[PDB]
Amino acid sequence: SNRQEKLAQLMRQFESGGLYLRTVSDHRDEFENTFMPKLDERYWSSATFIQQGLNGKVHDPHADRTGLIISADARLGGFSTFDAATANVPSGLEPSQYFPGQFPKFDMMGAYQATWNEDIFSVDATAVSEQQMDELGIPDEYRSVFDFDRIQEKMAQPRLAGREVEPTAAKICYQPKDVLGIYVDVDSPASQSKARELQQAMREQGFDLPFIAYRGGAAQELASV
């Protein structure tokens, strides 16, 4: 797979059911400690759903991060529109088996702010059926997604209305072949500089990735940064 082929696959997914964007504060950490061990316990990584026409914000507090554009085909542990908290894989359990089983099936704190229903605290959000959630009156907006193809359905109402949404949260296990592009903030010299460092590190291992600017439901190739 070459640079243009990754870009083409990325843009096809972006303009269909969407894909993943994973900003990182420490790209050398991500390269050496997350990406490289996958070639020869950071099994699950956080990422955000991006899609053409979905005005989705990325997690970048000071607007100076690079990151990875990751294929919609990465293994999905769970998706939560408002980032319902998860626990870390505990000692004695297999990381690769931890999600979706221990992924919260709804956002407890989110559903409670929405409805003020104190019955909500009577259940364990990781161990709850659709029928129980119906009985609790848990709104659909607070229920997690486990089938990637259905994330665009969860995000349809803001997308249709053209509204801005805060960073969404998926737990994925991404494989080297899932890495499709490098994220670049066009208004941040520090992001671009980190992006170049990351592109060089990845290229040296046989992964020549395009530079991708994502903002507000649109994504473009950057020739060079």
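Residue numbers run from 1 along the displayed sequence.
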remark   = According to the PDB record, deposited residues with no modelled atoms between residue 40 and residue 41 number 4 to 9
request  = Could you settle it for me: does 85-93 or 105-113 have the higher average Cα B factor in the PDB entry?
outcome  = 85-93
query = Can you tell me which stretch has the higher mean Cα B-factor, 117-125 or 71-79?
reply = 117-125
query = Hey, out of 166, 29, 178, 185, whose CA B-factor is highest in the deposited coordinates?
reply = 29
request  = Give the position of residue 134 by CA B-factor within its chain, expressed as the lowest, middle or highest third.
outcome  = highest
Entry-reported Cα temperature factor of residue 45, expressed as the chain third it lands in = lowest
message = Taking only the Cα B-factors deposited for this chain, tell me whether residue 203 sits in the lowest, middle or highest third.
response = middle
inquiry  = Quick check on the deposited entry: does the C-alpha B-factor of residue 62 sit in the lowest, middle or highest third of its chain?
reply    = highest
task = Would you mind ranking residue 160 by its C-alpha B-factor against the rest of the chain and naming the third, lowest, middle or highest?
result = middle
